[PDB]
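Structural features, examined
Residues per chain, in single letters:
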There are 2 protein chains.
Amino acid sequence: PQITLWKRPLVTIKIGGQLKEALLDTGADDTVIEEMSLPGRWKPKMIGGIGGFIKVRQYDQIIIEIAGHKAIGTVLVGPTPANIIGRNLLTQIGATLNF
Amino acid sequence: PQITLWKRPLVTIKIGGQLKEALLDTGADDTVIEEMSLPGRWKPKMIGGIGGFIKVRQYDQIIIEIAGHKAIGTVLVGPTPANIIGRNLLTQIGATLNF
Ligand SMILES: CCCC[C@@H](CN[C@@H](CCCC)C(=O)N[C@@H](CCC(N)=O)C(=O)N[C@@H](CCCNC(N)=[NH2+])C(N)=O)NC(=O)[C@@H](NC(=O)[C@@H](NC(C)=O)[C@@H](C)O)[C@@H](C)CC
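Residues numbered from 1 in each chain as written, not as in the entry; some residues may be left out. Chains lettered and ligands numbered in written order. Heavy atoms only, no water.

For this deposited structure, the header cites X-ray crystallography as the method used and 1.10 Å as the resolution.

Written out as structure tokens, the structure reads:
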């Protein structure tokens, strides 16, 4: 698709058997999801932006479907105010910014 | 251009006759720049990010070039960790996300 930017670019995702809404964020290095269970080992991470940092759990090799497009990569889980799809998964679905 | 997302989507901007680097950010409603001087009166605004909320100064109808493309619009100035070009100006330069 071509997604214009008049509104926030929200899409449906499927992760860990669950449907969620998430923001396509070219300004995010990483993908960050609100609290949920994921399989495998994890390690803690601190991630920052406007307002400072939050602590998250890093899970690797997680399969996600983003607007119908499957992507595997790292997902961070924690008290984010918004589910965010960051560049680590945007690249995998072939997303580009065009102007 | 077509900007891929394997690296941060950093571009050069021009504001107040000065070149700066900024991040093209589809996950940002607004454009937020690190402390600098702009002309005119400002109005207060609170914005939110990953970590919480911060206060910024809102300047309207600021002339700004983004990767060579001319825009005139609202610029927020405050303690952002990074200069970000948000959707208010991405729409002025005709940017879309495509996959
Ligand atoms: C300034 C730092 C770079 C840009 C920023 C854009 N992220 C979006 C996230 C979505 C909201 C949580 C954002 O902050 N958007 C703001 C930008 C400010 C603005 N006004 O435009 C926004 O739209 N804020 C809205 C409110 C959105 C709330 N949304 C919601 N509740 N669903 C606002 N009007 O105040 N990126 C980030 O916050 C990411 N940070 C990073 O990628 C890097 N960190 C740093 C410090 O650069 C990396 C080294 O970790 C986070 C997610 C970690 C991976």
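Having seen the model, we can carry on.
Notes on the overall build of chain A
Summing up its helical and strand segments, chain A has one helix and nine strands in all. Going from N to C terminus, chain A has its helices and strands arranged as β-β-β-β-β-β-β-β-α-β. Here the C-alpha atoms of chain A give a radius of gyration of 13 Å, agreeing with the 13 Å that 2.2 N^0.38 yields for 99 residues. C-alpha atoms of chain A, sized along the principal axes, occupy 40 × 30 × 20 Å. Out of the 99 residues in chain A, the part that is buried amounts to 52%. In chain A, the share of contacts with a sequence separation of at least 24, taken over all contacts with a separation of at least 6, comes to 47%. When the accessible area of chain A is evaluated, it comes to approximately 4,900 Å², of which 53% is carbon and sulfur surface. Counting 11 positive and 8 negative side-chain charges, chain A places the averaged centre of each group 3 Å from the other. (Helix = DSSP H or I, 4+ residues; strand = E, 2+ residues; numbered from the N terminus. Rg over C-alpha atoms; globule rule 2.2 N^0.38 Å. Buried < 20%, exposed > 50% of the residue type's maximum accessible area, 1.4 Å probe, protein only. Contact = heavy atoms within 4.5 Å. Areas by Shrake-Rupley, 256 points an atom, 1.4 Å probe, with all protein chains shown as cover. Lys, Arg positive; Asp, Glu negative; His and termini not counted. Charge placed at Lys NZ, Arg CZ, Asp CG, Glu CD.)

Here we look at the sheet that holds strand β1 (residues 2-3) of chain B
In spatial order, the strands read β1(A)-β9(B)-β9(A)-β1(B); together these four strands make up an open sheet with antiparallel pairing. Strand pairing shows two members of the sheet lacking a second neighbour, β1 (2-3) of chain A together with β1 of chain B, which therefore form its edges. Relative to β1 of chain B, strand β9 (residues 96-98) of chain A is paired through two bridges, and the arrangement is antiparallel. Pairing of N98 of chain A across the sheet is with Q2 of chain B, part of β1 of chain B. (Pairing = 2+ DSSP bridges.)

A look at the UniProt feature "active site" in chain A
What UniProt calls "active site" maps, in this numbering, to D25 of chain A. Residue position: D25 of chain A is located in the loop between β3 (18-24) and β4 (32-33). Taking relative accessible area as the criterion, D25 of chain A reaches 9% and is therefore assigned buried. Sequence-distant contacts of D25 of chain A, that is, excluding residues within four places in its chain, are made with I84, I85, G86, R87 and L90 of chain A together with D25, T26 and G27 of chain B. (UniProt positions renumbered as here; feature names shortened; annotations may be inferred.)

Description of the site of the ligand
Around the ligand there are 28 residues in total, and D25 and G48 of chain A together with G27, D30 and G48 of chain B lie nearest to it. The ligand is flanked by residues contributed from chains A and B. Within the backbone of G27 of chain A, a nitrogen or oxygen atom sits 3.0 Å from a nitrogen atom of the ligand. Contact between the ligand and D29 of chain B: a nitrogen atom at 3.0 Å from a side-chain N or O atom of the residue. (Near = heavy atom within 4 Å. Polar contact = N/O pair within 3.5 Å; in protein donor to acceptor, adjacent residues only side chain to side chain.)

Concerning the pattern of salt bridges
Scanning all chains against the criterion turns up 11 salt bridges over all chains. The partner of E65 of chain A in a salt bridge is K14 of chain A, with the nearest N and O atoms 2.6 Å apart. Remark: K14 of chain A occurs in strand β2 (residues 10-15) and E65 of chain A occurs in strand β6 (residues 52-66); sequence separation between them is 51 residues. For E65 of chain A, a relative accessible area of 18% corresponds to the buried category. Between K43 of chain B and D60 of chain B there is a salt bridge, with the nearest N and O atoms lying 4.0 Å from each other. Note that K43 of chain B is positioned in strand β5 (residues 43-49) and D60 of chain B in strand β6 (residues 52-66), a separation of 17 residues in sequence. For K43 of chain B, a relative accessible area of 48% corresponds to the partly exposed category. Because the salt bridges share partners, they merge into one network encompassing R8 of chain A together with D29 and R87 of chain B. (Salt bridge = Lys/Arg side-chain N within 4 Å of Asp/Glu carboxyl O.)

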